[PDB]
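Structure file input.pdb (PDB, C-alpha atoms) follows.
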```pdb
ATOM      1  CA  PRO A   1     133.292  82.472  83.263  1.00  0.00           C
ATOM      2  CA  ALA A   2     130.037  80.942  84.397  1.00  0.00           C
ATOM      3  CA  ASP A   3     129.540  79.001  87.611  1.00  0.00           C
ATOM      4  CA  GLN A   4     128.147  75.584  88.390  1.00  0.00           C
ATOM      5  CA  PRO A   5     125.079  75.190  90.620  1.00  0.00           C
ATOM      6  CA  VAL A   6     126.029  74.648  94.248  1.00  0.00           C
ATOM      7  CA  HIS A   7     124.820  71.938  96.611  1.00  0.00           C
ATOM      8  CA  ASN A   8     125.299  71.519 100.335  1.00  0.00           C
ATOM      9  CA  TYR A   9     124.365  69.282 103.250  1.00  0.00           C
ATOM     10  CA  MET A  10     124.084  69.953 106.966  1.00  0.00           C
ATOM     11  CA  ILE A  11     122.978  68.318 110.199  1.00  0.00           C
ATOM     12  CA  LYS A  12     121.532  69.661 113.441  1.00  0.00           C
ATOM     13  CA  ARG A  13     121.820  67.661 116.641  1.00  0.00           C
ATOM     14  CA  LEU A  14     119.384  67.374 119.536  1.00  0.00           C
ATOM     15  CA  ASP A  15     119.697  68.417 123.186  1.00  0.00           C
ATOM     16  CA  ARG A  16     118.482  67.036 126.489  1.00  0.00           C
ATOM     17  CA  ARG A  17     115.817  68.428 128.807  1.00  0.00           C
ATOM     18  CA  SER A  18     113.575  66.935 131.459  1.00  0.00           C
ATOM     19  CA  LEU A  19     110.843  67.710 133.958  1.00  0.00           C
ATOM     20  CA  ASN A  20     110.108  66.595 137.507  1.00  0.00           C
ATOM     21  CA  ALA A  21     107.701  67.134 140.393  1.00  0.00           C
ATOM     22  CA  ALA A  22     107.950  65.907 143.971  1.00  0.00           C
ATOM     23  CA  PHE A  23     105.014  64.107 145.542  1.00  0.00           C
ATOM     24  CA  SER A  24     105.738  63.701 149.260  1.00  0.00           C
ATOM     25  CA  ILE A  25     103.273  61.678 151.336  1.00  0.00           C
ATOM     26  CA  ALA A  26     103.275  61.560 155.085  1.00  0.00           C
ATOM     27  CA  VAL A  27     103.904  59.180 157.968  1.00  0.00           C
ATOM     28  CA  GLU A  28     100.649  58.718 159.829  1.00  0.00           C
ATOM     29  CA  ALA A  29      98.903  58.351 156.464  1.00  0.00           C
ATOM     30  CA  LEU A  30     101.242  55.768 154.971  1.00  0.00           C
ATOM     31  CA  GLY A  31     100.420  53.776 158.072  1.00  0.00           C
ATOM     32  CA  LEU A  32      96.723  53.870 157.181  1.00  0.00           C
ATOM     33  CA  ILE A  33      96.958  53.330 153.419  1.00  0.00           C
ATOM     34  CA  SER A  34      98.704  49.950 153.536  1.00  0.00           C
ATOM     35  CA  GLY A  35      96.345  48.600 156.201  1.00  0.00           C
ATOM     36  CA  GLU A  36      99.254  47.895 158.559  1.00  0.00           C
ATOM     37  CA  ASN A  37      98.406  50.546 161.156  1.00  0.00           C
ATOM     38  CA  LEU A  38      94.685  50.059 160.524  1.00  0.00           C
ATOM     39  CA  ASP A  39      92.619  49.269 163.603  1.00  0.00           C
ATOM     40  CA  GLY A  40      89.199  47.700 163.728  1.00  0.00           C
ATOM     41  CA  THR A  41      86.913  50.611 164.570  1.00  0.00           C
ATOM     42  CA  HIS A  42      84.281  52.821 163.019  1.00  0.00           C
ATOM     43  CA  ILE A  43      86.692  55.749 163.328  1.00  0.00           C
ATOM     44  CA  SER A  44      89.945  54.442 161.822  1.00  0.00           C
ATOM     45  CA  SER A  45      88.119  53.545 158.612  1.00  0.00           C
ATOM     46  CA  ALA A  46      86.969  57.140 158.170  1.00  0.00           C
ATOM     47  CA  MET A  47      90.505  58.435 158.669  1.00  0.00           C
ATOM     48  CA  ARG A  48      91.734  55.933 156.080  1.00  0.00           C
ATOM     49  CA  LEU A  49      89.111  57.222 153.656  1.00  0.00           C
TER      50      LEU A  49
ATOM     51  CA  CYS B   1     109.741  20.715 183.888  1.00  0.00           C
ATOM     52  CA  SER B   2     107.589  23.421 185.437  1.00  0.00           C
ATOM     53  CA  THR B   3     104.054  24.458 184.549  1.00  0.00           C
ATOM     54  CA  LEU B   4     102.891  28.059 184.777  1.00  0.00           C
ATOM     55  CA  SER B   5      99.714  28.643 186.781  1.00  0.00           C
ATOM     56  CA  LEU B   6      97.507  31.160 185.006  1.00  0.00           C
ATOM     57  CA  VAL B   7      95.283  33.594 186.894  1.00  0.00           C
ATOM     58  CA  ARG B   8      92.118  35.328 185.690  1.00  0.00           C
ATOM     59  CA  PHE B   9      91.208  38.692 187.176  1.00  0.00           C
ATOM     60  CA  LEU B  10      87.418  38.431 187.328  1.00  0.00           C
ATOM     61  CA  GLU B  11      87.815  35.237 189.368  1.00  0.00           C
ATOM     62  CA  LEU B  12      89.483  37.133 192.208  1.00  0.00           C
ATOM     63  CA  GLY B  13      87.476  38.934 194.843  1.00  0.00           C
ATOM     64  CA  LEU B  14      89.013  42.302 194.083  1.00  0.00           C
ATOM     65  CA  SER B  15      86.740  42.747 191.060  1.00  0.00           C
ATOM     66  CA  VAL B  16      83.944  43.975 193.331  1.00  0.00           C
ATOM     67  CA  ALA B  17      85.869  47.233 193.607  1.00  0.00           C
ATOM     68  CA  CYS B  18      85.777  48.457 190.000  1.00  0.00           C
ATOM     69  CA  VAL B  19      83.448  48.482 186.992  1.00  0.00           C
ATOM     70  CA  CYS B  20      85.725  47.392 184.186  1.00  0.00           C
ATOM     71  CA  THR B  21      84.694  48.038 180.598  1.00  0.00           C
ATOM     72  CA  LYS B  22      86.162  47.769 177.120  1.00  0.00           C
ATOM     73  CA  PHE B  23      86.838  50.976 175.237  1.00  0.00           C
ATOM     74  CA  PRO B  24      88.775  50.234 172.056  1.00  0.00           C
ATOM     75  CA  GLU B  25      89.373  53.901 171.187  1.00  0.00           C
ATOM     76  CA  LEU B  26      90.995  55.053 174.420  1.00  0.00           C
ATOM     77  CA  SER B  27      94.116  56.038 172.483  1.00  0.00           C
ATOM     78  CA  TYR B  28      92.163  58.668 170.540  1.00  0.00           C
ATOM     79  CA  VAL B  29      90.641  60.148 173.705  1.00  0.00           C
ATOM     80  CA  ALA B  30      91.862  63.441 175.156  1.00  0.00           C
ATOM     81  CA  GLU B  31      90.759  64.684 178.585  1.00  0.00           C
ATOM     82  CA  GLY B  32      87.496  62.999 179.518  1.00  0.00           C
ATOM     83  CA  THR B  33      85.251  63.750 182.469  1.00  0.00           C
ATOM     84  CA  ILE B  34      82.077  62.770 184.341  1.00  0.00           C
ATOM     85  CA  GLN B  35      79.452  65.004 185.977  1.00  0.00           C
ATOM     86  CA  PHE B  36      77.604  64.739 189.289  1.00  0.00           C
ATOM     87  CA  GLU B  37      74.188  66.158 190.158  1.00  0.00           C
ATOM     88  CA  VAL B  38      73.079  66.564 193.772  1.00  0.00           C
ATOM     89  CA  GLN B  39      70.690  68.751 195.766  1.00  0.00           C
ATOM     90  CA  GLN B  40      70.569  68.935 199.538  1.00  0.00           C
ATOM     91  CA  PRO B  41      67.526  68.804 201.817  1.00  0.00           C
ATOM     92  CA  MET B  42      66.510  71.625 204.130  1.00  0.00           C
ATOM     93  CA  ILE B  43      64.476  72.214 207.277  1.00  0.00           C
ATOM     94  CA  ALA B  44      62.348  75.275 207.962  1.00  0.00           C
ATOM     95  CA  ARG B  45      63.417  76.892 211.220  1.00  0.00           C
ATOM     96  CA  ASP B  46      61.496  79.448 213.274  1.00  0.00           C
ATOM     97  CA  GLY B  47      62.111  82.392 215.548  1.00  0.00           C
ATOM     98  CA  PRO B  48      65.224  84.548 215.304  1.00  0.00           C
ATOM     99  CA  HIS B  49      66.867  82.229 212.784  1.00  0.00           C
TER     100      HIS B  49
END
```

As structure tokens - that is how I would like this structure written.
Amino acid sequence: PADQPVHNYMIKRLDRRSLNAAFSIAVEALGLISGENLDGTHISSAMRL
Amino acid sequence: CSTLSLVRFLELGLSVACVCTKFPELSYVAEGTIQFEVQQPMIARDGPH
């Protein structure tokens, strides 16, 4: 005997991945960035730059 | 109540002992120095000397 034509379905699921990268910034410099530790000189400004 | 009696240094007599001066970057300063120049006189002897 003959045969009917076959159908089918299917699904494929995802998966999870991620990236990352550390960025550490220092102590003495975080004092100068925020202007807290900044002093009024012609030398502290250059170090902040 | 009591009132505090303030005192100002330059009004004392002791100030004639030192030459004060501002220096707003003394915290950044490592060993600092000062130089002296001096040359002595001389007399021109005679005889065995």

Discussion item. Taking all atoms listed in the file into account, name the residue in A:36, A:41, A:49, A:3 that is nearest to chain B.
Written reply: A:41

Worksheet entry | Interface residues on chain B facing chain A, 10 Å, all atoms listed in the file, written as a PyMOL selection string | chain B and resi 24-25+28

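Interatomic distance, CA of residue 26 (chain A) to CA of residue 47 (chain A): 13.6 Å.
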
Item to complete: Calculate how many Å separate CA of residue 45 (chain A) from CA of residue 26 (chain B), rounding to one decimal.
Response: 16.1 Å

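One distance worth recording is that between CA of residue 34 (chain B) and CA of residue 19 (chain B), which is 14.6 Å.
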
How big is the axis-aligned box, and where does its centre sit, when it encloses all atoms of region 11-15 of chain A listed in the file and has 8 Å added on every side, reported in Å to one decimal as JSON?
```
{"center_x": 121.2, "center_y": 68.5, "center_z": 116.7, "size_x": 19.6, "size_y": 18.3, "size_z": 29.0}
```
